[PDB]
Each structure stands twice: as structure tokens, then as C-alpha cells.
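Everything on this sheet refers to the single structure shown next.
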Amino acid sequence: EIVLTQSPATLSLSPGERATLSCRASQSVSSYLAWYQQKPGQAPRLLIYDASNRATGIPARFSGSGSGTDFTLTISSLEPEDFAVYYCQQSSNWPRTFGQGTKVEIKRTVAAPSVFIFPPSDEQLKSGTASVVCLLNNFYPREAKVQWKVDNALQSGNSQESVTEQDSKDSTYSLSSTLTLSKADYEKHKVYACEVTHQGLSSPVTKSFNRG
Amino acid sequence: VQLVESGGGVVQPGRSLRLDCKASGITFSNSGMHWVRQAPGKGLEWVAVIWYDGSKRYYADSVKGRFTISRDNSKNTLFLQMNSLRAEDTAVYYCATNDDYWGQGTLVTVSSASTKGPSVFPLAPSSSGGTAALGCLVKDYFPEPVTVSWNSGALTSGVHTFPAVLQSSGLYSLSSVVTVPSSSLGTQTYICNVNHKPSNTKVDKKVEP
Amino acid sequence: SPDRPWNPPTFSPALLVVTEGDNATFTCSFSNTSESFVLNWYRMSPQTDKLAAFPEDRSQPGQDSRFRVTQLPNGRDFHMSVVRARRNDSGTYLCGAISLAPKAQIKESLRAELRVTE
């Protein structure tokens, strides 16, 4: 299998700006590279095949280049429609291999998040389990770190994050990290703290509470 | 001018299943066909290909010996036989011609988990910046999806419903949160609305600080 | 060859000589029942230049025209015609067939030459 690496991971632009996306092969596919477009909850859309040739009924602003190993898809004047995830593909040999894809993200002003911490539902305990939720609403960019700290102590291997898709109007994300602990171990500690770090934060802020 | 797929949904491990892709308003019989899946939240992965007549076919290493790709050119139907399915094979399977006509995609979920209704737990609010945040936590249900409304769709501003994440139990869990003004807590009652249609479950939770 | 062998169109004559200001015509006979193909007319240079095509392209402005493509009644042969031929209209001409799939694949005939006297 050939390994297609796409760069960058995310691209933050605005309507009208240039867009250049790169794809690197573990090997040489010659010109057999293709480029696809995908929006959330949809099927892949062909854009450029054979690295130059543009798909039919595809806007002129879309183009491509590169040969052999490295190739570049380009969007001259970016459009609000064009914000999506872009994968390349090689038809050289088998198996046909895609890339991880590059995400073209809407670029906005930098807004720091809002940190909220929710103690385990009283009733959720009646079951024998506890879940702590650290909510982060309305921020940008997407980069965020959340360290769970119980009683000054370390912790990890527990939590799972989730982040909503980019807001339509606002253009910001939202993240919610959950911490699920046995009802027992939950009760044998004191403070539950959520430490968050964001490029909009002048200094990492930590929300917490006590079992009582 | 389409490709319509079929034969998806939930199946236990090791149990087989078979996809059907019926093309229309094209010439299927003379085009070549492909199979491409994608794991949820992850990129696309090529699966298999069959030449238009069937003279040759190639697979992905991940599917060898298990999957089988074929076509009946008479009925203009592409077939995919998926045998010995593993939980990892969970994906959305699209069919596409070599000339790149793609379908809607068909969803196949592989899990040993039974169909279970969600537990719904309240998330107590505030202590924020002038606004209060109150969520509801929908846990240990299967399979997806679950519709959530707040006060029967009568409150949408500040509503955020996070994508459900699959957890070590093999059961999904998510959190739906809404942002409201602090001072309003108690003049305006907040009730969460949970629906899981397959499990046939509807729950309304009254969230109070 | 996953898709399927699709054999290219043809052109005629190999060398066409018309007086200048006069009308020259080439005949492209292409037949496919299956799918949807669009015929294109070309002339090269020191390098494809698209002159006409069928169905007639209305997309770009520029009103009248010299180069035009039309299907004959038998529904196999097509008429490739430059009218009011200049002296610099001479050069390597050709035709090609094009599919309608997004990944559309093109095949061209064997190029022919035109000469304009006077």
C-alpha cells in the first residue's frame, strides 16, 4: 500500500483567499493522483483527476498541480461552499489509497472559551456510577487541552472528549469532556478540577468543586 | 442517473451481511465499479473493485478472504458479500463507478451490544459570565441516533448537542447542553426531551439548579 | 481497463484544400448508443484549441461564429465546418469524443490538415 500524507491538518481561511493543499506519496504514482471534496454527512465529490484534468461541471477556480511524488490542489478565490474536508487518491496501482484528508476551516477572530463543570447527577449515583462533565462553549481555534485533576492528583486514561461542528454564524467550536468514575472511587476523594488551555487563554483556567 | 445502495444496519460479530448497489440512468454494465467505506469520524478507505465484465477483481488487504465483490450486469446491480464481520468493519459503504459517480452511502454498524434505551441524567447549572449553562446527559444506549429537543423545540438559542461517543461498554453516550441567562433560572422552566426511536424511548427531564 | 474499451471517432479528409474566403468542411463519423458523449472540434498550434462542439456550446459570449458542428440525419456522421476561411486558418485539425461522467474520458481522431489558397 502507498502512503499518502496530506498537509496541513486544518486550513483556516476566508471567502476569496487562496487555498493550497499538499499531498506526499511514500512512492511515485506519476500523475495518477485524484482529489475529492467532502462535506459533513455527504458523499465524496471528485474535483481534480490525473492532477491537472478538472472534473466536469466543476468550477474553474478549482485546480491542481504536481507530479510523481508531490501534488497540490488549489482554490483561487475561496467560497463559503468550499469549506469541507479534502482527500486525495492514487489510481496508480492497488490497493487504491486515500489520504487522511485536509480540513478547510473557516478562519475567524480568536475567542477564548467558557468553562463549566457539572458534578455527577445525584440520580446517576443511584445507579452506581458517576460522570463529571467539563463544558467549553464558543471559542476559536479548535486547539484545546483539558487535564482532569482530582485532589491535586494526576489523572488520565478516563475521559473522552467531544467537539461540535463549527458554528454557522459564530464560527466557533464547543467541546465537552466527560469523566466517568465508579460510584465508589468517586466518593473516596474531595475536589474535582478541570484544567483547560487555549490559545485565547491568557493563563490556563481551572474550574472545580467539592463533593459536599 | 444514480446509484442506490441497500442491505445495511446492525449485525453481531462473525455474522455475515450483504450489500446491494443498484445503479440507474447510466450505463452500469459497461462502467467499472468500486467499494469505499469510511469509519465514523475518520477518513475514507478503499475497499474493493470489480472490472465491468468481471474478468478481474482486487480487494483491500483488510477485507481479503472475508468480503466478496461481484456484479450481475443483467439486473444492473453491484453486490458486496461481507462475511466474518468484525467491530472494526463498522463504516459507511459507498459504491462508485470508475468514472466517479457516487451514491448516498449505506451504514453498517458491527456490535455485540443489544438495543438499549438511554438513561437521562440532569446536569445541574452554574457557579459563567452572566449566562448559566445547564446540560442533560444521555447515557448507555444503543444504537444511534437519538433526537434531543429542549422544551419541545421551543428553545434553540444556545443549544449545543454534542456528537455521541462510543465508550468501553459498547454503548453510546452524549451530552446536550443549553446556555441561558442566570437570572432567568426559575422564571422559565427547563425540560430536556430525549427520544430513542429504535428502543422506543421518549423521556423528558426537568433540569433545575 | 476496468471501464470498457471505447473506440475513437474518425476524420476526413486527411488533407483538405479550400480557396480563401471559401467554406471548408470535415466529416466526423462517430457512433455510440450507450452513455452520453459530446463531440469536440480542435485545431492545434506550437496544444488544444476548442473551436466548435455538439451539442452547440452557448456558455461563452461572442454571438456569431465561423466554426460549427452539426449531426447529419443518419445520426452517425457529423459535419465539422469552418466558413469564410482565412489564410491563417490552415493547420492541424482534429475531432474528439468526450463522456459526461465527472472523471470524463476523452478520445480523439487522427488529425487532418487544411489548406487555404489564393
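Numbering of chain C is taken from Swiss-Prot, so the residues present carry the numbers 27-72, 75-146, in order.
Quick reminder: no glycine exception, Cβ is built from N, Cα and C everywhere.
The N-linked glycosylation site feature in Swiss-Prot is assigned to C:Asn49, C:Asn58, C:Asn116. Summarising the annotation, Swiss-Prot assigns disulfide bond to C:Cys54-C:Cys123 and lists experimental evidence as the type of evidence.
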Quiz item: So what sits near C:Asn49 (N-linked glycosylation site) in its own chain, CB-to-CB under 8 Å and at least six residues off in sequence?
Solution: C:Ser109, C:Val110, C:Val111, C:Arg112, C:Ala113
Exercise. Could you check the glycosylation sites C:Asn58, C:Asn116 and say which one's CB has the most other CB atoms within 10 Å?
Key: C:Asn58
Practice problem: Do me a favour and check the Cα-Cα span between C:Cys54 (disulfide bond) and C:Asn116 (N-linked glycosylation site); whole Å is fine. | Solution: 22
Quiz item: CB neighbours of C:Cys54 (disulfide bond) within 10 A?
Solution: 26
Quiz item: Three states by DSSP: which one describes C:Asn116 (N-linked glycosylation site)?
Solution: coil
